[PDB]
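These protein sequences, in sequence, are chains D, B, A and C.
The opening residue of the first sequence carries number 2 in the entry's author numbering; numbering runs sequentially from there.
The opening residue of the second sequence carries number 1 in the entry's author numbering; numbering runs sequentially from there.
The opening residue of the third sequence carries number 1 in the entry's author numbering; numbering runs sequentially from there.
The opening residue of the fourth sequence carries number 1 in the entry's author numbering; numbering runs sequentially from there.
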Amino acid sequence: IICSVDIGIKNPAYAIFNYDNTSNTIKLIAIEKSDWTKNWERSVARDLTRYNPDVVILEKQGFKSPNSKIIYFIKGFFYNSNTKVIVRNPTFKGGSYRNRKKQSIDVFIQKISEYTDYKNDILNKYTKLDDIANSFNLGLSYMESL
Amino acid sequence: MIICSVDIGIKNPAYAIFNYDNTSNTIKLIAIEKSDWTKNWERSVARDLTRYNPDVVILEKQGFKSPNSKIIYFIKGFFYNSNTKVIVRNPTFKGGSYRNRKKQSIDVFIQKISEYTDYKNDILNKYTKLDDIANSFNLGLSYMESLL
Amino acid sequence: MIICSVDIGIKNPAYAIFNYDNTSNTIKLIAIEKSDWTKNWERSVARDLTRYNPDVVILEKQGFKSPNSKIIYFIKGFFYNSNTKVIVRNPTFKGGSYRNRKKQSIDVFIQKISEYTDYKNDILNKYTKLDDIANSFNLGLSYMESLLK
Amino acid sequence: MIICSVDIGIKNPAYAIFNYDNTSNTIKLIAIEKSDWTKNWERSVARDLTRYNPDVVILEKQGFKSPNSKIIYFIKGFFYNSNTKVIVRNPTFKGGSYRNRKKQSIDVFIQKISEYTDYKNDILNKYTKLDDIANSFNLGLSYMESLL
DNA sequence: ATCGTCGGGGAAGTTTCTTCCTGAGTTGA
DNA sequence: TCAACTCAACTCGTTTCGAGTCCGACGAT
């Protein structure tokens, strides 16, 4: 069970998948944009223990945002536990910054439907800038490169 | 009631382990040591903090610009959902910048150690670089003073 | 009366040396000089002020939040021995903006020097900044004008 | 040589006049007084300093917060001519508490006052207050120890 | 003194300002 | 990590990493 997280005080988001390795049996369990402003450490632990994951995928950031403190908190929380937290270098923000639309809507409209069967169920009531894109793209890139 | 107060730092981290007798207000020094968190610092932090299975972990607050902050949240996440509360206390000595901070720390240490360990000479004779174990001891003792 | 009026300051101190006739009430400008007190100011003050051993030394009142006050009190102690009266006058040019003092000072200086030196041009060329020698000249001349009563 | 140590202040200035026998290290206290510099402080200062013709005058350095600095520079200009060495020493007891600054001062005072005058009758019966003449005497004695 | 505004290290000698020297961030390799 | 370079207050949640406060210097009356 794979859990990919877009970290940030802006709009944190997480996606929970189950991927059968090398078998191309992808199952999307959930995708959500949460809020980590009220009791953020308690809220982070509560959101991470919902569907106890085996791997957590994060985007590495510099000093740009306090979201790094969430990265180190997550590393400490799941350290001895069975899960393994891995922080991937930022693909995101390479050269230009006006390249979201293409990859976001393309990968969504192409690949969300075959895994959850609730494509438009989330589309009709979710709309945000750079949370579902970062989280889903990190998770899907890890799974495709897996 | 096992107290573990830590002076944080990647180069010279230090920790003091006290025993506070509940309802008796009895301070008994269990141990005081310093370690190194250079190679795979997460393993070293976890081991040094779980060494004596404490009930409270005391850390000293740093500003928003230091690697010591990264250790703070790792420890907070590590001991979260446990019967071991990590608390981040303000800097005990917050007066003089350099000449008063370290010297006042090691002075109050050398003066207040005698009533707690009964092994004063053996600890003073080893290190001679006291300004980390001194900070940890002062942090722990300040937390205990704030207990009553 | 050999009179020495001083515009005080570490960076560019200045002084004007006059001769005042006691029974004629006539002004005579002897000299006007800039100096430097940026290094060893007590030695420099003692040297520059005793250069033309005066009978009166006039200083301009300074506030307490300036090094000119310590120079004032050093001079007070120095000449408190004999033969030299140190007198501290209120700033002659007073009021309005601070820069209005400088321009008014150098203006009255430029327009009133000709009647005293006959070497007006040598002073305008050497030491082009005029806002210290003006202060010293105006201080001395104001004291001597206030001497009649 | 005749040594004159001054506790400066418009509040209650004080001075101690010692006589040091040259090459014998014999300290003899000539006088101790609490003067007043209220009206025409320059005249009063000059009178009090020229009362006993000294060879050195010892002052305690002050911060630029009080007219005592103007008195210091007045003294420097006054004795600058010749014959005198005005020395401005920092306040001797540069340590511990401020409330203990007077305690140790008057302690060293009461410790060493008896051995210097041999006419301590009028002086013992004279005054019930110390916290100015004590400071002046301690400054003077510190210079006397720093003399050899 | 008094209201508005600003900066926030220590020690010693060239002394009440200047000239240093600390010892911790912080920053690119 | 690490070695050169730059530069000095505290501090509380401000639902606990950054935006808030406090306390002595100047400037101009």
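Heads up, the beta-carbon is just placed ideally off N, CA and C, and yes, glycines get one too.
Each residue's CA atom was taken as its position, placing A/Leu-147 and A/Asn-135 some 18 Å apart. Within the region 31-64 of chain B, contact with chain D at the beta-carbon level (separation under 7 Å) is assigned to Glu-42 and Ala-46. Taking the Cα of D/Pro-13 as reference, the smallest distance to any Cα among D/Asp-36, D/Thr-26, D/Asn-19 and D/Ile-30 is reached at D/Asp-36. Secondary structure of B/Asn-90 (DSSP, three-state): coil. A straight line joining the alpha-carbon of C/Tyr-119 with that of C/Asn-90 spans about 31 Å. For C/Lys-76, the enclosing alpha helix (DSSP H) stretches over residues 68-80. With at least 16 other beta carbons inside 10 angstroms of its own, D/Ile-71 counts as buried. Residue D/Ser-82 holds the alpha-carbon nearest to the alpha-carbon of D/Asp-55 among D/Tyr-116, D/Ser-82 and D/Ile-10. In the DSSP assignment, C/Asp-21 falls within the beta strand (DSSP E) that extends over 14-21. D/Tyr-73 has a beta carbon lying within less than 7 Å of a beta carbon in chain B. Inter-residue distance for B/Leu-59 and D/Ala-16 is about 34 Å (C-alpha atoms, whole angstroms). With respect to the 7 Å criterion, D/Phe-74 and B/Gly-77 are classified as neighbours on the basis of their beta carbons. The beta carbon of C/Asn-25 sits closer than 7 Å to the beta carbons of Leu-148 from its chain, once the five residues preceding and following it are set aside; these are given in chain order.
In the DSSP annotation of this structure, the continuous segment of the alpha helix (DSSP H) that includes A/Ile-106 starts and ends at 98-112. In the DSSP assignment, B/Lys-120 falls within the unbroken alpha helix (DSSP H) covering 120-124. Each of A/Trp-41, A/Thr-23 and A/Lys-11 was checked against the Cα of A/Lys-34, and the nearest Cα belongs to A/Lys-11. Chain B has a Cβ within less than 7 Å of the Cβ of D/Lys-70. Taken atom to atom, the span from the alpha-carbon of D/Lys-61 to that of D/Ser-69 is near 8 Å. Straight-line measurement puts the Cα of B/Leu-29 at about 53 Å from the Cα of D/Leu-141.
For chain D, the residues of the region 75-104 of chain B that bring a beta carbon within less than 9 Å of one of its beta carbons are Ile-75, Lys-76, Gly-77, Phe-78, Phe-79, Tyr-80 and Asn-81, in chain order. Annotated three-state conformation of A/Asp-55 is coil, per DSSP.
A residue is called buried once 16 or more other Cβ atoms fall within 10 Å of its Cβ, and D/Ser-66, having fewer, is exposed.
About 7 Å separates the Cβ atoms of A/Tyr-52 and A/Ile-2, confirming a contact at the 8 Å cut-off. C/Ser-44 and C/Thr-92 have their C-alpha atoms some 26 Å from each other. In the same chain as A/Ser-114, and ignoring 5 residues on each side of it, the C-beta atoms closer than 7 Å to its own belong to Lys-120, in chain order. Annotated three-state conformation of B/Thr-26 is strand, per DSSP. Spatial neighbours of C/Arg-101 in its own chain (CB-CB distance under 6 Å, excluding positions within 5 residues in sequence) are listed in chain order as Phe-93.
Rounded to the nearest angstrom, the gap between the Cα atoms of A/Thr-128 and A/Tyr-98 is 20 Å. In the three-state reduction of the DSSP assignment, B/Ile-8 falls in the coil class. D/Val-6 and D/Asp-131 have their C-alpha atoms spaced approximately 12 Å apart. Counting C-beta atoms within 10 angstroms of its own C-beta, B/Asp-48 has 16 or more neighbours from the protein chains shown and is therefore classed as buried. Beyond the five residues adjoining it in sequence on each side, B/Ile-106 comes within less than 8 Å, by CB distance, of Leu-130, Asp-131 and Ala-134 in the same chain, given in chain order.
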